[PDB]
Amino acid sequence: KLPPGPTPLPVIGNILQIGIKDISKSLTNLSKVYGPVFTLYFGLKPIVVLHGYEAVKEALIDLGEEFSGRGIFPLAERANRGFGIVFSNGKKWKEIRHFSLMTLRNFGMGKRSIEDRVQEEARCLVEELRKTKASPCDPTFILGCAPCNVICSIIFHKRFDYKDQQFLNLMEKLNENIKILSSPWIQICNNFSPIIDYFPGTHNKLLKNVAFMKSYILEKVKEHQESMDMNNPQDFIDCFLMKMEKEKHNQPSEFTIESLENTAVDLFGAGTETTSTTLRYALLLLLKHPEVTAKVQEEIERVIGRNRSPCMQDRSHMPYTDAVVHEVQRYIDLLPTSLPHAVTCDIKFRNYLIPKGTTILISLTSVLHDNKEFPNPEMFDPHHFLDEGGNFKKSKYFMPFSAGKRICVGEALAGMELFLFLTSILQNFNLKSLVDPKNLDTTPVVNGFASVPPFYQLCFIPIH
């Protein structure tokens, strides 16, 4: 038998007993009744939900391979998304994940480190902030250009200028699809309809923008096919073509131009929004808690100084700053239910049997907001990541990137973008709120499977 759960109604399952507004709250509520493991029916489709650290750890880590599948919904087909990493499964996934992990190492693509690409961008990020001349500002756009430009660098061997139109178009389309995909209507409600697509227009728009991006990725690929030093692959494309020119006798292969571009779109998709929002939300949290902003800056002044830009080495000699970044990610809880998983085979899990294919909903919130581990888990406090001596305190419950075999491919790159961009900003700027901190409110605004910070403006005031 499958786990227990609230008895569904005929043909709509448990649809109307789940608050579509704040799903994570609804799942947590259900846990208080049915426990750490439970089933919901999303219209005859069962969904096992894991909730709390113990359940999540033993599914995702202890039974990693079994829980390594990606849950597929109709939106996967309508927006054609199962051909890269994020939404692929089986071999296709195993191979492309692995290649991408290797390639995304810090020195996986030649002499230029990932870290050097990020530092170059942190520089430019700082420079744009200057161009705002200390006037009010909605950092949404600027802060999103950086993580996007890092992906551009990783994929095409170098960055764009923030006013280059090719870049602006790329970003526009990315930003459009992300906002579209964030609608409850597309993420949830259209998924109730397994065959008929009630938003054909929207999917058409989504695909039209993917194609624009794909077509650009092809213009670059071709160019890389005539700048090809086989001994110095300078970016993700070179590395991919290399792997292609080495599987020529293993047709058919997972590595083709089709998969390269699908994978590149996955990187753009996964790489810019969440990093971008996390930065935006970090600023808002620093504005609200200026004692924190000040202590990070003490660390920056003492360890880094002004004669140079920050590097990843500094991180180990900057426990307060490390705690702050960690606390931002834990508090904001951006993907409260990760990405749905699926089991790969028939699996006994605790008391119950879960059939192969069954969708699995991991509650990251449950872990990140565990109160034994993080007392007062609803209130931003770097102290959650600090021992009584002021050293950094690791946590098994730090899973903003999820856990196990499907853990964020970008874990390290994100942490590098979070640590470098924030230290770089706080190194050269002080932050002023337009309105008084007292009435700012940084509570997450939550809409389906997405947390987001509330609109705010601020001034980037230069120091020294």
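A residue's number is simply how far along the shown sequence it sits, counting from 1.
In this entry, 109-117 shows the higher mean Cα temperature factor of the pair 330-338 and 109-117. Across the two stretches, 165-173 and 344-352, the PDB entry reports the greater mean Cα temperature factor for 344-352.
As recorded in the PDB entry, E226 shows the highest C-alpha B-factor of the residues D322, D370, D138, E226. Residues shown: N209, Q251, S183, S316. Highest C-alpha temperature factor in the entry: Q251. Sort the chain's modelled residues by C-alpha temperature factor and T423 lands in the lowest third, per the entry. Ranked by Cα temperature factor within the chain, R70 sits in the lowest third according to the deposited record. Sort the chain's modelled residues by C-alpha temperature factor and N190 lands in the middle third, per the entry. Placement of the Cα temperature factor of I142 within the chain: middle third of the modelled residues, per the deposited record. Residue-level temperature factors show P46 in the highest third of its chain, judged at the C-alpha atom.
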